[PDB]
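Chains as they are written, first to last, in PDB author numbering: chain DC, 422 to 632; chain Be, 2 to 61; chain BX, 2 to 145; chain BJ, 2 to 186; chain BY, 69 to 135. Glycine is no exception: its CB is placed at the ideal position from the N, C-alpha and C atoms. Structure first, commentary second.
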Amino acid sequence: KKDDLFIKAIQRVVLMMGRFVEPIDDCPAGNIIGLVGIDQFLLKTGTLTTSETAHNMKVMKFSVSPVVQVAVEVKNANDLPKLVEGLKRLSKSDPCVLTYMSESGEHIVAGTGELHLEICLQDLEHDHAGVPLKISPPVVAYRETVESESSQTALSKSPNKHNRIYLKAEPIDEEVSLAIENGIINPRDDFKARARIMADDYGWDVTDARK
Amino acid sequence: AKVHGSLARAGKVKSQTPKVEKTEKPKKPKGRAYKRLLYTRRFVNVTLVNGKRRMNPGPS
Amino acid sequence: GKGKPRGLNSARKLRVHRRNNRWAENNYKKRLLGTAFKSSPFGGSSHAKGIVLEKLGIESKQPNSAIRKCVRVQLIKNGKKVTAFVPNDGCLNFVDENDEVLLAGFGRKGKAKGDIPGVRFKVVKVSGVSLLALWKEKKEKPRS
Amino acid sequence: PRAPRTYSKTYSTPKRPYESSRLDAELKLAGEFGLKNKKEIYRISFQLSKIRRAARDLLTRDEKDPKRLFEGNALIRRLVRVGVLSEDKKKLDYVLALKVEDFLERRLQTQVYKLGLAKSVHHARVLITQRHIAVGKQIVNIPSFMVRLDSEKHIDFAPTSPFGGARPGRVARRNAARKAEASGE
Amino acid sequence: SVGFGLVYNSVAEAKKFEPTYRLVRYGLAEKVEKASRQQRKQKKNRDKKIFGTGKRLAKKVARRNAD
RNA sequence: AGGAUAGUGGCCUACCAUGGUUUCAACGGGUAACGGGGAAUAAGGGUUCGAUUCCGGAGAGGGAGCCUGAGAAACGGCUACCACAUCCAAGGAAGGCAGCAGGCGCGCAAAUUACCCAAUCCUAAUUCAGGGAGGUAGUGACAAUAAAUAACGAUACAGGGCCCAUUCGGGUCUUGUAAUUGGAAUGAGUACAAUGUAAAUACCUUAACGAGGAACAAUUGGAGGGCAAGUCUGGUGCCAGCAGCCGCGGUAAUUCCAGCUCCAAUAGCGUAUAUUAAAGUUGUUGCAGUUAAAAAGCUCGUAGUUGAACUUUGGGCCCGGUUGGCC
Ligand SMILES: CO[C@H]1[C@@H](O)[C@H](O)[C@H](OC[C@@]23C[C@@H]4[C@H](C)CC[C@H]4[C@@]4(C=O)C[C@@H]2C[C@@H](C(C)C)[C@@]34C(=O)O)O[C@@H]1C
């Protein structure tokens with residue numbers, strides 16, 4: 422597949438010695454070497470080759486996973502887009518942190534531990550952003566569910582006071598709930614086809630499955 | 002009026018469209034050749050000149 | 002007759018008259034007020050990058066009956082909060098809130114187009130990949 | 002820095018692009034003269050409009066104007082040179098009445114078919130870019146060469162073409178070469 | 069093909085009025101052993117940083133870096 | 001009148017006098033203002049743009065000052081302040097990329113930290129040295145020029161050929177046709193070799209190769225009207241969505257998604273912003289004002305614009321530049 426293959430070149434080659442950096446004309450195999458010009462399109466890890474038949478080295482599991490979460494938000498509504506980009510900038514800088522947006526519409530940085538959060542806050546304070554940040558414990562995405570088979574058939578008179586809607590509420594089998602997300606019971610499926618597969622393999626009646 | 006827009010069912014027709022695969026067609030000559038055949042197709046063997054010259058008439 | 006100064010050396014009264022009457026053109030007045038630079042979501046720019054705030058569903062104008070699936074977007078360069086209409090079928094599922102999008106002009110020098118009320122921009126590229134390419138499955142949205 | 006190089010467009014699109022009248026009028030030219038696109042015919046139209054207008058705002062003057070007589074003879078000179086205006090009828094009215102079809106027969110893609118080797122303008126066209134016309138002693142690889150009445154008695158095959166000689170042909174070698182291995186075991 | 073043609077009176081006469089690259093093209097005189105243009109600028113500017121021969125400073129850094 | 005300057009000059013100083021500019025727009029404000037040659041469009045007038053290859057002006061973060069020198073208020077000179085940043089041993093010291101590249105921010109938006117003085121020139125004590133001045137290459141679908149994607153045979157004959165167009169069972173020497181079939185040619189490309197070149201890559205040249213699906217496959221927008229092109233097939237059912245405007249969608253959509261077919265332009269085609277023509281909707285050319293927007297409530301009046309008629313006419317003559325059926 423043509424996925425994520427970047428046909429580019431090299432801007433400069435550098436061998437590092439302390440903070441000083443110098444251009445390099447060529448570097449043979451089996452050597453530590455640095456280089457520029459690909460940092461913008463790089464994903465903080467990967468394989469660099471001059472061919473498509475070569476393969477990608479195994480993704481380092483890090484053996485240490487980014488787990489601890491803390492929210493991050495902007496001081497000003499006008500300032501929201503300015504330092505929202507810096508999340509990607511820091512994510513490149515360290516090969517573990519994964520900046521994303523949580524299910525609460527809120528941006529979460531996930532670190533390995535406590536002080537790994539410490540290292541990535543002064544850069545947002547000073548280096549990768551200038552605006553201060555409000556740092557708060559993360560908000561989690563709960564949800565509300567029932568199992569207790571609501572007795573009275575619910576009903577609500579429409580604003581016209583002409584129509585009403587009768588209805589009932591009751592639970593769902595847990596594997597069905599997974600299957601709704603897992604796509605086995607898929608809205609893209611035909612109503613007929615999806616009704617057959619959910620009525621027999623999973624506990625359902627063909628009458629309701631067709632509805 | 003109505004302002005409580007419902008967006009969950011966006012993409013309704015596309016997400017329910019019957020996915021039909023493109024029918025393979027013989028390779029189309031093009032360039033001077035296309036203008037050649039296009040000129041001929043509309044000035045020598047015009048399949049439908051019914052009533053008047055017609056470019057895209059269906060089954061009728 | 003004809004109600005205009007017509008002397009051989011009356012060009013002063015003729016030039017100041019045209020100069021004064023020129024202001025009644027809507028297009029000329031915009032240039033000489035700099036309203037595009039001063040009073041506009043775009044400072045004369047043809048496009049602009051923005052960050053999504055919310056995905057809005059707007060009723061169309063009469064007699065049309067549709068929901069237009071716009072996105073409330075903040076402009077990076079001036080912070081103005083606007084709306085943009087995401088074209089083509091779906092393509093609102095293509096974008097997510099708090100993502101990066103490119104907003105272009107929407108066709109009519111202002112003048113909100115079509116049955117869609119209160120929106121004057123359309124989305125072109127989201128996160129750097131063209132929405133049209135995503136619609137035709139030419140490319141895909143990188144997870145960053 | 003570097004002195005700028007002057008470049009100008011050689012065509013101009015019609016003001017209303019979509020007119021069935023002028024459209025299929027130019028499709029009739031396209032099919033008859035084997036043009037590729039209508040830029041190829043817009044260019045001749047832009048050249049024609051330029052040349053007629055320059056002769057049009059100059060036809061406003063008397064028969065004894067230095068600009069006319071000096072320019073017009075040169076104008077007619079190239080026209081009679083190429084033959085879009087024939088070797089007779091060398092007058093200014095004939096210039097402004099000159100047809101686009103008149104130009105399109107002075108394209109080298111016309112006269113290649115006319116003196117054989119083609120059996121088709123499109124065969125004539127393709128062999129031109131197939132480097133199979135010797136025009137003078139130099140192969141011309143354009144259709145719109147605007148022939149000035151000289152190479153007509155010089156047009157023939159390329160010296161290096163197998164239709165001119167000296168090469169036994171790419172595939173014509175290939176099939177003959179592998180025929181030796183194909184003749185038996 | 070069409071080009072220019074220059075014919076001279078003698079080899080040394082040509083060697084004295086012809087550009088060095090033409091001589092190198094014809095093998096009459098070898099290309100000088102010369103480093104690149106960019107490094108030449110570097111060493112020229114490094115020379116600028118020293119005033120004079122620099123033997124006194126080269127010795128001076130030698131003794132001063134000894135302790 | 002003096003001072004000062006290279007020199008004139010309120011340019012500065014002393015004293016004097018009360019001027020100077022202004023409704024012909026002074027002054028003040030804005031300028032998304034560097035000026036001009038010019039660029040775009042354009043019947044003609046115009047209108048818009050001019051940061052940008054040329055000519056001047058100004059600036060080298062902001063001001064100010066100054067040495068030097070013929071020439072600088074210079075900044076790839078210096079000092080001070082402000083602002084920023086720079087290494088550090090804390091003691092100091094070093095700074096000006098709007099030069100070349102190149103690296104953040106910013107944005108819709110913009111290329112190599114490449115090679116070379118061979119060319120054009122310029123500088124020097126000068127053939128010789130140097131020049132990120134310039135030139136060459138890399139990126140470059142800014143724009144502009146030319147122009148590959150295909151010929152040639154026979155496929156049910158589904159066409160005036162002909163014995164007067166018969167019986168198209170007859171080469172109907174010409175027109176189209178089943179992705180069924182054959183022989184040529186050709187670059188795109190690959191690369192000997194030369195070569196271009198300062199050295200190269202490309203161009204142009206050229207051996208060996210290099211086409212059958214000639215997968216070496218051309219796309220971009222469309223098909224209700226404007227506006228060229230379907231009332232074709234399936235789905236969708238005022239939903240999705242489309243649509244610059246009108247408008248389509250409410251269960252048989254010529255407009256939505258697709259497929260097929262067709263149309264337009266074509267290595268280009270749309271979209272967005274601005275602008276010109278269209279726009280005689282800015283008006284001098286050349287608008288309109290009773291009712292469509294618009295004749296001021298009426299009159300007076302300065303500036304402005306406009307302003308009756310009238311003065312050497314006529315007649316001759318001579319010299320002297322002509323077209324043509326009387327060269
Ligand atoms: C590798 O990075 C991964 C893992 O660390 C892990 O899977 C982590 O899980 C976090 C949560 C993921 C849940 C689903 C995606 C939907 C609901 C999400 C959660 C909210 O309650 C459950 C876990 C913990 C939550 C919290 C964070 C609010 C989640 C979240 O991301 O919001 O997500 C990050 C991106």
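Task: Alpha-carbon to alpha-carbon, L542 of chain DC and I556 of chain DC - done: Residue 556 of chain DC sits at position 135 when you count from the first residue of the first sequence. Residue 542 of chain DC sits at position 121 when you count from the first residue of the first sequence. Going from the Cα of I556 of chain DC to the Cα of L542 of chain DC covers about 9 Å.
TODO: Flag this pair as yes or no: are the beta carbons of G51 of chain BX and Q75 of chain BX separated by less than 9 Å?
DONE: Residue numbering aside, residue 51 of chain BX sits at position 50 when the third sequence is read from its first letter. Residue numbering aside, residue 75 of chain BX sits at position 74 when the third sequence is read from its first letter. Contact flag set, yes.
Task: Cross-chain neighbours of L93 of chain BX in chain Be, by beta carbon under 7 Å - done: The residue labelled residue 93 of chain BX in the question sits at position 92 within the third sequence. What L93 of chain BX touches in chain Be, judged by beta-carbon distance under 7 Å, is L8, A11, going in chain order.
Task: the region 59-93 of chain BX: positions lying closer than 7 Å to chain DC by Cβ - done: Per Cβ criterion, the list reads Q75, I77, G80.
- [ ] Take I431 of chain DC as the anchor and find which of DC:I459, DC:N452, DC:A450 has the nearest alpha-carbon.
- [x] Sequence index remark: in the first sequence, residue 431 of chain DC carries index 10 (1-based). Checking every option, the nearest Cα to that of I431 of chain DC belongs to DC:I459.
TODO: Going by CA-CA distance only, name the one from BJ:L24, BJ:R171, BJ:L60 that's closest to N38 of chain BJ.
DONE: Numbered from 1 along the fourth sequence, position 37 holds the residue referred to as residue 38 of chain BJ. Of the residues BJ:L24, BJ:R171, BJ:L60, the one whose Cα lies closest to the Cα of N38 of chain BJ is BJ:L24.
- [ ] Check whether the Cβ atoms of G467 of chain DC and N452 of chain DC lie closer than 9 Å to each other.
- [x] On the first sequence, position 46 is the one that residue 467 of chain DC refers to. On the first sequence, position 31 is the one that residue 452 of chain DC refers to. For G467 of chain DC and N452 of chain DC, no; Cβs fall outside 9 Å.
- [ ] Provide the residue span of the alpha helix (DSSP H) that contains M522 of chain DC, from first to last.
- [x] By 1-based counting over the first sequence, the position of residue 522 of chain DC is 101. From DSSP, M522 of chain DC is part of no alpha helix (DSSP H) but of the beta strand (DSSP E) over 519-522.
Task: Any C-beta of chain BX under 9 Å from that of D500 of chain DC - done: Stepping through the first sequence from its first residue, residue 500 of chain DC is reached at position 79. Chain BX contact via Cβ: present.
Open item on the list: I'd like to know whether the C-beta of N27 of chain BX is nearer than 9 Å to at least one C-beta of chain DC.
Closed with: Indexing the third sequence from 1 puts residue 27 of chain BX at position 26. At a cut-off of 9 Å between beta carbons, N27 of chain BX makes no contact with chain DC.
TODO: Please go through the same chain and pick out, in chain order, the residues whose beta-carbon is closer than 6 Å to the beta-carbon of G507 of chain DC, but skip the five residues on each side of it.
DONE: Taking the first sequence and counting its residues from 1, one reaches residue 507 of chain DC at position 86. Cβ neighbours of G507 of chain DC beyond the five flanking positions: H549, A550.
- [ ] Could you tell me if the beta carbon of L519 of chain DC falls within a distance shorter than 8 Å of some heavy atom in ligand 1?
- [x] On the first sequence, position 98 is the one that residue 519 of chain DC refers to. Yes, the beta carbon of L519 of chain DC sits closer than 8 Å to at least one heavy atom of ligand 1.
Open item on the list: Spatial neighbours of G534 of chain DC within its chain, please: C-beta separation below 7 Å, excluding the five flanking residues on both sides.
Closed with: Within the first sequence, numbered from 1, the residue matching residue 534 of chain DC stands at position 113. Apart from sequence neighbours up to five positions away, the residues of its chain that approach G534 of chain DC with a beta-carbon distance below 7 Å are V489, ordered along the chain.
Task: Under 8 Å (Cβ pairs) to chain BX, residues found in the region 436-467 of chain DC - done: Taking 8 Å as the Cβ-Cβ cut-off, the region 436-467 of chain DC approaches chain BX at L464, given in chain order.
Task: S61 of chain BX beta carbon less than 9 Å from that of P118 of chain BX - done: Here residue 118 of chain BX corresponds to residue number 117 of the third sequence, with the count starting at 1. Here residue 61 of chain BX corresponds to residue number 60 of the third sequence, with the count starting at 1. Yes, the Cβ-Cβ distance between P118 of chain BX and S61 of chain BX is below 9 Å.
TODO: Compute the minimum distance between the beta carbon of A562 of chain DC and the heavy atoms of ligand 1, and state whether it is under 8 Å.
DONE: The residue labelled residue 562 of chain DC in the question sits at position 141 within the first sequence. True, at least one ligand heavy atom lies under 8 Å from that Cβ.
TODO: Kindly say whether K123 of chain BX, judged by its beta-carbon, lies nearer than 9 Å to any beta-carbon of chain Be.
DONE: Along the third sequence, one-based indexing puts residue 123 of chain BX at 122. By this cut-off, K123 of chain BX is not an interface position.
Open item on the list: Please report whether the beta-carbon of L39 of chain Be lies at a distance below 9 Å from any beta-carbon of chain BJ.
Closed with: Working through the second sequence from its first residue, we reach residue 39 of chain Be at position 38. It does: the Cβ of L39 of chain Be has a partner Cβ on chain BJ nearer than 9 Å.
Task: Burial state of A183 of chain BJ (16 or more Cβ within 10 Å) - done: Mapped onto the fourth sequence, residue 183 of chain BJ falls at position 182. Note on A183 of chain BJ: under 16 other CB atoms within 10 angstroms of its CB, so exposed under the neighbour-count rule.
Task: Sequence-distant residues of the same chain with beta carbon closer than 8 Å to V83 of chain BJ, five excluded per side - done: Translated into the one-based positions of the fourth sequence, residue 83 of chain BJ becomes position 82. Excluding its 5 nearest sequence neighbours in each direction, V83 of chain BJ has C-beta neighbours in its own chain below 8 Å: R107, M147, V148, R149, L150, listed in chain order.
TODO: Would you mind telling me which residues of chain Be sit closer than 7 Å to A31 of chain BJ, beta carbon to beta carbon, in chain order?
DONE: As a first step, residue 31 of chain BJ is located in the fourth sequence; it is residue number 30 there, counting from the start. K36, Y40, listed in chain order.
Task: the region 42-56 of chain BJ / the region 41-56 of chain Be touching (three or more Cβ pairs under 8 Å) - done: Counting Cβ pairs under 8 Å, fewer than three are found: no touch.
Task: Ranges of the alpha helix (DSSP H) found wholly within the region 558-632 of chain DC, counting only runs of at least 4 - done: Taking only runs of at least 4 residues, the alpha helix (DSSP H) segments lying wholly in the region 558-632 of chain DC are 595-603, 612-620, 627-630.
- [ ] Name, please, each residue of chain Be whose Cβ falls closer than 8 Å to the Cβ of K37 of chain BJ.
- [x] Here residue 37 of chain BJ corresponds to residue number 36 of the fourth sequence, with the count starting at 1. Contact of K37 of chain BJ with chain Be by beta-carbon distance below 8 Å involves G32, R33, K36.
TODO: Taking only the alpha-carbon atoms, compute the straight-line gap between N79 of chain BX and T36 of chain BX and give it to the nearest angstrom.
DONE: Here residue 79 of chain BX is taken as the residue at index 78 of the third sequence, counted from 1. Here residue 36 of chain BX is taken as the residue at index 35 of the third sequence, counted from 1. So the alpha carbons of these two residues sit roughly 15 Å apart.
Task: Coarse secondary structure for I453 of chain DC, derived from DSSP in three states - done: Here the question's residue 453 of chain DC lines up with position 32 in the first sequence. Taken through DSSP and simplified to helix, strand or coil, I453 of chain DC comes out as coil.
TODO: Could you tell me whether any non-hydrogen atom of ligand 2 is closer than 8 Å to the CB of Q490 of chain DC?
DONE: Absence of ligand 2 from the depicted structure is noted, with ligand 1 being the only ligands included.
Task: Nearest to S486 of chain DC (by Cα), restricted to the options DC:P444, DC:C448, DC:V530 - done: As a first step, residue 486 of chain DC must be located in the first sequence, where it is residue number 65. The residue with the shortest Cα to Cα distance from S486 of chain DC is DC:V530.
- [ ] Report yes if the C-beta distance between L519 of chain DC and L545 of chain DC is below 9 Å; otherwise report no.
- [x] To locate residue 519 of chain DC, count along the first sequence from 1; it is residue 98. To locate residue 545 of chain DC, count along the first sequence from 1; it is residue 124. Result no, Cβ atoms of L519 of chain DC and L545 of chain DC do not sit closer than 9 Å.
Open item on the list: In the DSSP assignment, the beta strand (DSSP E) including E443 of chain DC goes from what residue to what residue?
Closed with: By one-based count along the first sequence, residue 443 of chain DC stands at place 22. First-last of the beta strand (DSSP E) with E443 of chain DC: 441-444.
- [ ] Count the other CB atoms, across all protein chains shown, that sit within 10 Å of the CB of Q107 of chain BY; report buried if there are 16 or more and exposed otherwise.
- [x] The residue you call residue 107 of chain BY lines up with position 39 of the fifth sequence. Its Cβ having fewer than 16 others within 10 Å, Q107 of chain BY is exposed.
Open item on the list: Excluding the 5 residues flanking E72 of chain BJ on each side, which residues of the same chain have their C-beta closer than 7 Å to its C-beta?
Closed with: Counting from one through the fourth sequence, the residue named residue 72 of chain BJ turns up at place 71. Only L59 meet the Cβ criterion.
Task: chain BX contact for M619 of chain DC (CB, 9 Å cutoff) - done: Residue 619 of chain DC sits at position 198 when you count from the first residue of the first sequence. With 9 Å as the cut-off, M619 of chain DC does not count as an interface residue toward chain BX.
- [ ] Hey, could you find the ends of the beta strand (DSSP E) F122 of chain BX is sitting in?
- [x] The residue given as residue 122 of chain BX occupies position 121 in the third sequence. Where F122 of chain BX is concerned, the enclosing beta strand (DSSP E) stretches over 122-127.
Open item on the list: In the DSSP output, what is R73 of chain BX paired with across the bridge?
Closed with: Taking the first residue of the third sequence as 1, we reach residue 73 of chain BX at position 72. Beta-bridge pairing links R73 of chain BX to BX:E55, BX:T84.
Task: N21 of chain BX to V120 of chain BX span [Cα, whole Å] - done: In the third sequence, residue 21 of chain BX corresponds to position 20, counting from 1. In the third sequence, residue 120 of chain BX corresponds to position 119, counting from 1. Their Cα atoms are separated by approximately 34 Å.
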